[PDB]
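Enquirer: Build me a model from this:
(6 chains, ligands or ions: 8)
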Amino acid sequence: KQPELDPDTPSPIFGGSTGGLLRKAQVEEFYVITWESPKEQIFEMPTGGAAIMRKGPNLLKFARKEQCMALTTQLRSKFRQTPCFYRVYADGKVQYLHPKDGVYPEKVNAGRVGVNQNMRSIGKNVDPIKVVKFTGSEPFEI
Amino acid sequence: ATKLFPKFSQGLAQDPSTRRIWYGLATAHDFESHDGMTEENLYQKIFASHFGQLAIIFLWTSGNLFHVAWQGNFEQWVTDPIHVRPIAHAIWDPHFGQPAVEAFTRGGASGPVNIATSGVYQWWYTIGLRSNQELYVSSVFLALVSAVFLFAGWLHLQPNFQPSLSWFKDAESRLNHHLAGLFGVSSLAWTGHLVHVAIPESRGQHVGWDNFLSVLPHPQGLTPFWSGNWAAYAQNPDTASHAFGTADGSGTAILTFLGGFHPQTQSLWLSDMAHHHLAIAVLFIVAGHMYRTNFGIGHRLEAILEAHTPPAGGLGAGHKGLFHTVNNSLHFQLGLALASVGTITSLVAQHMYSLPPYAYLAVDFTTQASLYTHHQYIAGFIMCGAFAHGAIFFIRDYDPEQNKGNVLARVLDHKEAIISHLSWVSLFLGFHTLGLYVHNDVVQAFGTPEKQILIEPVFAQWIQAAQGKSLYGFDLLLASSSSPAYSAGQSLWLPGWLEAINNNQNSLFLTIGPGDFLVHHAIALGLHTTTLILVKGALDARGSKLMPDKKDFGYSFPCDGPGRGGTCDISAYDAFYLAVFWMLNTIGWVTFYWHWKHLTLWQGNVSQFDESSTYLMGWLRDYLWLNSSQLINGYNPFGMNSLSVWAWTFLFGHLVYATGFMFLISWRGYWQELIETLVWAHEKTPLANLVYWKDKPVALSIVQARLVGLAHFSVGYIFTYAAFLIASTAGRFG
Amino acid sequence: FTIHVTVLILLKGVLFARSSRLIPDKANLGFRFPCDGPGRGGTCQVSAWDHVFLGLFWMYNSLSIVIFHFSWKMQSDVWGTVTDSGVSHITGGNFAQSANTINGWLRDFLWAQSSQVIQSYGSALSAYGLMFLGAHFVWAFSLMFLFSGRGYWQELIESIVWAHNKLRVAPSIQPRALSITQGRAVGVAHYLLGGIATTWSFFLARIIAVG
Amino acid sequence: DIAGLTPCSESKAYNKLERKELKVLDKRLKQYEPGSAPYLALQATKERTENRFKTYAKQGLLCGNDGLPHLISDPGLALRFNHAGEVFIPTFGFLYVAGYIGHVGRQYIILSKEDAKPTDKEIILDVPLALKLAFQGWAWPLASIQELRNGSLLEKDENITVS
Amino acid sequence: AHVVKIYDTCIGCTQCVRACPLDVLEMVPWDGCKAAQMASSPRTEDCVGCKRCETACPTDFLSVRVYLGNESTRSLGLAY
Amino acid sequence: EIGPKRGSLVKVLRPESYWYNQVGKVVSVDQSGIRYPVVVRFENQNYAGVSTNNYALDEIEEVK
Ligand code: CLA
Ligand code: CLA
Ligand SMILES: CC1=C(/C=C/C(C)=C\C=C\C(C)=C\C=C\C=C(C)\C=C\C=C(C)\C=C\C2=C(C)CCCC2(C)C)C(C)(C)CCC1
Ligand SMILES: CC1=C(C/C=C(\C)CCC[C@H](C)CCC[C@H](C)CCCC(C)C)C(=O)c2ccccc2C1=O
Ligand SMILES: CC1=C(C/C=C(\C)CCC[C@H](C)CCC[C@H](C)CCCC(C)C)C(=O)c2ccccc2C1=O
Ligand code: SF4
Ligand SMILES: C[As](C)(=O)[O-]
Ligand SMILES: [Ca+2]
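Expert: Numbers count the residues shown, from 1 in each chain, chains lettered A, B, ... in the order given. Ligands and ions are numbered 1, 2, ... in the order given. For reference, the structure is listed below:
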């Protein structure tokens, strides 16, 4: 069960910085991350300095998506902690992205069907002949 | 997704950034990668574009004629073309002070003016013109034809007038019409102009429109053309002491082939050019009848290329399937056209400083160099564009299925050998040229000029001796008398040629010293290196060993990522970038050589060149540091003069050059963070968060970055060299 | 101005090294890397190494301006020979109404004081002119590296390696072009070398013929 | 007489340049006593300068209107005259030395392609092998032509290309 | 956006995913030797085009190639 | 039993491959059955620094 975003979640103790949180975050979108973080500890922020983190699930949020994938990968690095992602649009609609499979896209989950791929040797593509349409960047099969 | 400017980009429209603005201002002329731009809807647009650009050209020439007629002193030039200098236009700039109005008043009949370096007075008076009204008429005519082309470009846009697609593929009839009509018929009309107006104007006769209805351009008028004996038109040419503004010893010959110079005007005989263009027109008319048409049999193209196949298989299929290849590709024709245009531009620049066609032109010493450098850089850019479109051909329009066995596939197959031999010739030239220059510099630094190396260019001197030169004494064709080449053509163009060739004061087969050897080899280095860069960018276009699938990312893409040990400037567009750098270098070396040759020649001290053109300290001292005192002294606390504007422009060129370096050295990524910082600062300024920018500010694209960098580079290079060539010449007169 | 711009470059390189607004995972990429990728419109010269790269150019500019100021002040308003009636300086006080214009630096200082460096072949100071021209040469040579990349050069090396393998004379070690970081390093090295060497030759050939 | 140039003895500019150089040398040669070191140095310099100017004018080398020597590089003009040494034999000498060098380097780089990790041999050379091959290449024209007729230098199109 | 493709030349090393900074591509069934995974691009609204996935892909020739397309707020990495 | 003998050196014919027309020994022709069974090993590095690669059996050919 992919968990959905929950407002009114406490935040880690930190002073402030000058990264992100601009006009884009108010009228376009903002991204959210949540993760366990037991054993209240010290961590580093991708757009700031060092901060403390209580035990129990805690939630953060930033401006760009990579600003949270960096934290997910960090959490991989040291102690096995398992955060998640969230999307937000102007209408308030929320979308869950990472990890949809729940098993961290680097590992397969029981079964799905992927797109944007073709069974052809590297190269051996089509010459610019018969490619006058050019459809932006061709999938070569659609 | 979000529609906005421009009208021909749906992917660049959703782009929330100022980048789309620059790509719209840039890709506005790329009428092939736009959305829904099939062929038959493209020829009509490109044809309207041809009309628009022709209208631009004619409006340019009309404005030139207008400012010559009203603001130029064309009347003050025709009478005594030696005591006066040209004028281009006036000035209403309020920023000038009182000394400035007194400094830009060379003429005296008006306020501030500017000298005319276009060389238009000479070319307009040689063809025959001695009144400003005759210039107003032509200016109005050119404006009218510009409007006509602006309308014709639009007429073929609405239906009932839109052409079809089969009308363009008929290359046979179009090439016939161009070889015969565009070249031959116009050349014959030009012969008529020279024989009916230019000649009468050379006789001081005021013959124009109101009187040519009964003027016989030749005694026994038009009868020899009916009753044979064409030779009757070349029996009384312009007398040696012929006056050009008057009839002091004139003649009645129209088709003359004495092949010499008009002593007073110092140019080709005004009557030689008539027979010249007449023969040219006849020969182009003969050429224009070669092809197959609806009812004209001739011989078609598909059966010729497929018949040029060496039986021994040295080429394979020969030229089979090239008709469908070329005729179905516009970039290949554009590459051929630009290559021919650049090579013939260089040819015309070579032929204008050696065979002056315009009366009273060679006496002027400022327009010559300006126009020569003009055409040299024009030809350089046109050649670089030819190679760029040659690479675009391989990138975008290519079908190796149809081309299995032709010469183009063979050329693509041994591309590594071509590139390697270009690299080798370049290495050879650079090594040896720089080595001889450094050797001469070190030898001069030790104070023993005798220990330097000076290769005697026996080959060019031999060819001159064959031309008629005798300063070298090789006893060759047109120099000895035991040869059929010297005997035959004795009453022909030979006397004038031989008299103008041995002259040691005109620019025609100059006395070549060993210092010309080194500079010709430097020019060969520059040409081979530029051609190396271009041929490499063109051949490694469909795919290289580092990037095999290069055909998928188009032509102008920044790079293929930092992977694989680094991939920077790998697209062919970047090779074109570097080849334009080398084009600037090569044309600059060529222009330095020509300029300093004619500068040592005009001071009567050609020995200065023959002695200082051997090393690099001379080029730096005797040419750059020396002939610039008026550039520095154009304005000073003592007081400025007419040469102040040219000095300020000489500094403007260096500023543009340094801005080019700004965009070249520093790359994009650095500036993205700074722009984000400036955005942070701009959004937080108190009470300064009112109506926002309409598009997001980001750093210029890497492709855009290097494009604008090279643009600044080229434009600053050009402005600096032109300001120098104009100021250091039209300020001292020596 | 020049010193503040140089400090700007250096400090913006130092601070944006652990983290930034664009790429948060910037510390793992190290200190000496050319970029991250052509994504987000293009990333070039983002590492602190590249900021030091640009700070070298700005330090060159600032120190050159300061040393030219020193030389021309000392030669115009300080140094000279004293006669019975006052002191007659080297230059006729050309510092007053020439420094106020960029052309002045080329009017009475660069153009005027460059006679010896290009006129010293007749004496024991010809080596100064030789170093002068050689430094110009190496400067433009550095420009070569600074304005080019590796793709073109790597493919040219490819064709040259083709030419080699036809006679079986290629090396066992794979001949690759210089790294992007090394390309920029060679660029800046030759650039500062040419600049400093030309200015050295000038200031050292001009000051011997006036003392 | 070739190319309007005159033998370099009859050049008034050449002798004027020699006199100029000698005057410029003597004006600062007169600054020192005949016993000191700088004086002997200037004496020897003048010696080999006079030797420069004397030894050049033998077997004929053309000087132009500038009085300086000008090398003739065309075979055929160096023949039918006495100029074969200006640049005709130096060409063959450099060709010989460059052959020598390339032959030795190629045979080295080939004989190293057989052992394990040849890359090491390119950063840690085989000094005795290089010395042996260095003293065996002065017959390379013989070995090159017959190794060409042999075919042991043409690779039978087994290399990496892209096209 | 950026048209990303994955050819049949692949071994399923799971490296171009633990290297992608934006978690764009997935790895779902493939019939391999020891790992048996193949990469796929189900979503591209967040792909910036950094070509970090092309550096870690050890396949010769590369299994993934980013066809550079049009830019957006995500594709330009704009926090504003 | 499917591909060439292990330890036997063979060349490459992948048009888009860094290693082209030059020889390289086979690590292990995949007998389990796959479209790229032959794993060839090369001593010299590539632009990426990789030494080995797997190719199809319709591409490799015999020795020099
Ligand atoms: C004496 C017998 C003879 C000879 C000598 C030739 C010779 C030739 N024939 Mg011909 N032919 C013959 C009999 C003969 N033919 C007969 C009996 C018939 C039937 C009637 C034909 C029918 C025929 C046809 C239909 C055609 C020819 C063509 C040609 C020319 C191209 C052949 C070729 O392989 O190019 C050589 C191939 C090369 C790759 C040469 C490479 C050139 C290098 C790369 C240039 C280097 C560039 C470099 C920068 C410049 C530096 C210069 C340096 C060397 C100093 C060639 C000069 C063809 C032609 O005219 O040209 C298209 C062609 O169309 N022949
Ligand atoms: C003055 C600056 C400069 C110099 C010297 C060069 C020199 C060269 N460029 Mg280049 N170029 C430049 C600026 C410069 N470029 C710039 C600004 C650009 C645009 C950014 C380009 C873009 C460009 C391109 C695209 C290409 C070149 C190429 C070449 C090479 C052609 C080789 C040749 O023709 O024979 C030899 C040329 C020489 C300069 C050799 C002289 C060097 C001597 C031997 C130094 C010897 C030093 C001494 C022995 C010991 C010193 C070492 C140590 C002790 C310090 C050549 C080495 C082409 C190439 O690579 O050739 C295949 C190539 O295609 N250039
Ligand atoms: C990139 C590319 C391209 C382009 C190309 C080019 C650019 C080319 C060119 C070229 C050129 C630019 C050429 C030129 C040339 C030259 C020639 C061809 C010559 C000759 C010879 C002769 C035969 C002569 C003779 C004579 C006479 C007649 C008399 C006097 C003497 C003399 C010698 C002068 C294309 C698109 C196509 C394709 C793709 C790729
Ligand atoms: C300063 C700088 C910037 C930033 C420069 C900026 C943001 C200025 C460009 C936009 C401003 C508004 C230019 C102002 C107007 C121009 C002087 C001319 C515009 C005229 C057009 C309308 C034709 C880059 O983006 C860059 C990118 C890649 C390599 C080097 C650099 C670089 O050096
Ligand atoms: C030419 C060039 C190269 C190629 C640089 C090369 C090939 C340097 C190699 C030259 C060295 C000096 C080779 C010398 C090694 C000799 C084979 C052995 C030394 C000689 C002994 C006697 C010591 C780049 O790598 C580059 C990178 C980024 C931007 C521009 C460029 C650039 O312009
Ligand atoms: S990195 Fe390349 S080889 Fe590895 S799993 Fe991804 S696509 Fe396949
Ligand atoms: C052609 As003859 C004058 O040598 O007989
Ligand atoms: Ca002459």
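
Enquirer: alpha carbons only for contacts and neighbour counts from here, please
Expert: Fine.

Enquirer: Please enumerate the strands of the chain.
Expert: Reading this off chain A. Using DSSP state E, the strands found in chain A span residues A:31-35, A:41-44, A:50-53, A:58-62, A:84-88, A:94-95.

Enquirer: That was the other one, I meant chain D.
Expert: Using DSSP E, the strands found in chain D span residues D:6-7, D:62-63, D:71-72.

Enquirer: ok, now chain F?
Expert: Along chain F, counting by DSSP E, strands occupy F:9-11, F:23-26, F:38-41, F:52-55.

Enquirer: Mind giving me the packing neighbours of the third one?
Expert: Judged by 3 or more C-alpha pairs under 8 Å, 6 or more residues apart in numbering or on different chains; DSSP states H and E, strand F:38-41 is in contact with strand F:23-26, strand F:52-55.

Enquirer: Strand A:58-62 and the lengthiest helix in chain A, what's the angle between them?
Expert: In chain A, assigned by DSSP state H, the helix with the most residues is helix A:66-77. Helix A:66-77 runs at 140 degrees relative to strand A:58-62, counting by axes from the mean of the first three to the mean of the last three C-alpha atoms, to 10 degrees.

Enquirer: hang on, the earlier thing: just tell me which of the strands of chain D ends up closest to residue B:2.
Expert: strand D:71-72 (72.7 Å; C-alpha to C-alpha).

Enquirer: thinking again about what came up before, just so I know, which of the strands of chain F lies nearest ligand 3?
Expert: Ligand 3 lies closest to strand F:9-11 among these, at 32.8 Å (C-alpha to the nearest ligand atom).

Enquirer: If you count neighbours, what's buried in that closest one?
Expert: Buried residues in strand F:9-11, counted by 16 or more other C-alpha atoms under 10 Å in any protein chain shown: F:9-11.

Enquirer: Same check on stretch C:45-58?
Expert: For stretch C:45-58, by 16+ other C-alpha under 10 Å, it's C:45-56, C:58.

Enquirer: check which helix or strand covers residue B:591.
Expert: If you go by DSSP states H and E, residue B:591 is part of helix B:572-602.

Enquirer: from the middle of its chain, how far away would stretch B:104-121 be?
Expert: How far stretch B:104-121 lies from its chain's middle: 26 Å, per C-alpha atoms, centre = their mean, to the nearest Å.

Enquirer: start to end distance for it?
Expert: In stretch B:104-121, first residue to last residue: 20 Å (C-alpha to C-alpha, to the nearest Å).

Enquirer: what residues does that stretch touch?
Expert: Contact with stretch B:104-121 is made by B:73-74, B:77, B:85-91, B:100-103, B:361, B:366-368, B:370-371, B:641-642, as judged by C-alpha atoms under 8 Å, 6 or more residues apart in numbering or on different chains.

Enquirer: Quick one: buried ones out of the residues you listed?
Expert: For the contacts of stretch B:104-121, buried by 16+ other C-alpha under 10 Å: B:73-74, B:77, B:85-90, B:100-101, B:103, B:361, B:366-368, B:370-371, B:641-642.

Enquirer: among those, which are in helices?
Expert: Counting by DSSP H, the part of these found in helices is B:77, B:100-101, B:103, B:367-368, B:370-371.

Enquirer: So which bits of chain D are right by chain C?
Expert: Residues of chain D found near chain C (C-alpha under 8 Å from any C-alpha of the partner chain) are D:106, D:109-110, D:113, D:118-119, D:122, D:153-155, D:157, D:159-161.

Enquirer: ok, which stretches of chain A are helices?
Expert: So, for chain A - with DSSP H - the helices run A:23-27, A:66-77.

Enquirer: what comes up buried for the first one?
Expert: By neighbour count on 16+ other C-alpha under 10 Å, the buried set for helix A:23-27 is A:24-25.

Enquirer: and whichever residue of chain A sits closest to ligand 5, how many neighbours?
Expert: Using C-alpha to the nearest ligand atom, residue A:123 is the residue of chain A that sits closest to ligand 5, at 27.7 Å. Residues within reach of residue A:123, counting by other C-alpha atoms under 10 Å in any protein chain shown, total 17.

Enquirer: All set now, cheers.
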